[PDB]
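Written out below as structure tokens is the structure these notes cover.
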Amino acid sequence: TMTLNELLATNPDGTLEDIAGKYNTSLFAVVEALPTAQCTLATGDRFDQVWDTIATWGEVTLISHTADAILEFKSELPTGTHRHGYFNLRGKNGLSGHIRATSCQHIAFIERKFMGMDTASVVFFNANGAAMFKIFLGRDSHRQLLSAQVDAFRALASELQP
Amino acid sequence: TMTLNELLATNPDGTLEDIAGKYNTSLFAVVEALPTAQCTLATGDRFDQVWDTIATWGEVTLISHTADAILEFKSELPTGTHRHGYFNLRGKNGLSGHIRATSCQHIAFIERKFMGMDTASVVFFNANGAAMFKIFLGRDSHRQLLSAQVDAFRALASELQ
């Protein structure tokens, strides 16, 4: 039987969600098993540092991904303030909301191919190992990932490492 | 102490999610106990009619609401196409995605208050009674429910039931 670790090393290009299902485990379990060349993990405790930074990267795509609905929204990440246990967003581009402070337990910076194209995402996980939401970098006129975002993304991932 | 039904009768103005939490049940169970004056129910098979009707109301707020986060996307609803087991949305105003419309078993039209402020929403439910997503009506310069949408809201609800 092919192990989760062996499967991920073959670099599958489908959704990690389907791999989690194939192995009857959480999305975090799958991400935690990715080759380190494709993934850098951080604790949920760095949430504010991470969010504030991405909020300076220009337009990104925030996605809510569940079995019943995948919702995607392209815009500059709004900044926010904490109050009553929630991180409240103040958006001016169509994206707003409230993120529960104690919910994020893990953060992952993933660089992998999807449908044959290079992708870079920051995934926020709750205690159950499910993705609360994901943030994907945008592309340029060459259909390549925005170089300025890739550099900031890798820089942030790096400083979150010991 | 109060039962779910007793509480709902006093017209609470917090989130229905908080109430589902207190009574450790599903959001749908809570909506089912709402007074008919505040809630109109429909089945999942009315999904297309509802989505296409709302997609002509102008800007609305599509919301993903879970125990960990409330994400709100303001825009006019994009056009949806059924294909590969999903209702796929086209890119517009920044909102896109894929919805498992068939998984929708119930649709609720709720008119209630949240923190002294009137709200009108359309909730789409899972078989498990969870909200797949919600749609809240838009508001004026100084935040009033668009009467144009409220009128169309109440009309679509009655038309369905």
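A, B, ... follow the sequence lines: proteins, then strands. Residue 1 opens every chain. Values reported hereafter were calculated over all heavy atoms of this structure, with side chains retained and with hydrogens, waters and symmetry mates removed.
From B:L62, atom CG reaches atom CG of A:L71 across 5.5 Å, with rounding to the nearest 0.5 Å. Summarising the geometry, atom NE2 belonging to B:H98 is positioned 5.0 Å from atom CD belonging to A:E72; distances are rounded to the nearest 0.5 Å. If you take CD1 on A:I63 and OG on B:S64, they are separated by 12.5 Å, rounding to the nearest 0.5 Å. We find the CG-OG distance between A:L95 and B:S75 to be 10.5 Å, quoted to the nearest 0.5 Å.
Cluster membership check: A:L27 shares its hydrophobic cluster with A:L7, using side-chain heavy-atom separations under 4.5 Å among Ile, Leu, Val, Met, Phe, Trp and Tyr. Residues B:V122 and B:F136 do not share a hydrophobic cluster, clusters being chains of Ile/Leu/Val/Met/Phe/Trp/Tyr side chains in contact below 4.5 Å. Under a hydrophobic-cluster definition in which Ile, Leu, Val, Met, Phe, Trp and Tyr are linked whenever side-chain heavy atoms come within less than 4.5 Å, directly or via other members, B:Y23 and B:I110 are assigned to the same cluster. Under the 4.5 Å side-chain heavy-atom criterion for ILVMFWY residues, a single connected hydrophobic cluster contains both A:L156 and A:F47. If you chain together hydrophobic residues whose side chains sit under 4.5 Å apart, A:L8 and A:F28 fall into the same group.
For B:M132 against A:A69, the heavy-atom pair with the smallest separation is O-CB, 4.2 Å.
Looking at A:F87, neither its backbone nor its side chain comes within 4.5 Å of chain B, counting heavy atoms on both sides. With a 4.5 angstrom heavy-atom cutoff, A:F124 does not touch chain B via any of its atoms. Contacts between B:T66 and chain A at a heavy-atom distance below 4.5 Å are absent for every atom of the residue. Heavy-atom distances place no part of A:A130 under 4.5 Å from chain B, backbone and side chain included.
Ion pairing between a basic and an acidic side chain is recognised when a charged N comes within 4.0 Å of a carboxylate O; A:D68 and B:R100 show such pairing.
Sparse packing is recorded around CG of B:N24, with 12 or fewer heavy atoms of other residues, nucleotides or ligands lying under 6.0 Å away. Other residues, nucleotides and ligands contribute only 12 or fewer heavy atoms inside 6.0 Å of the CG atom of A:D45.
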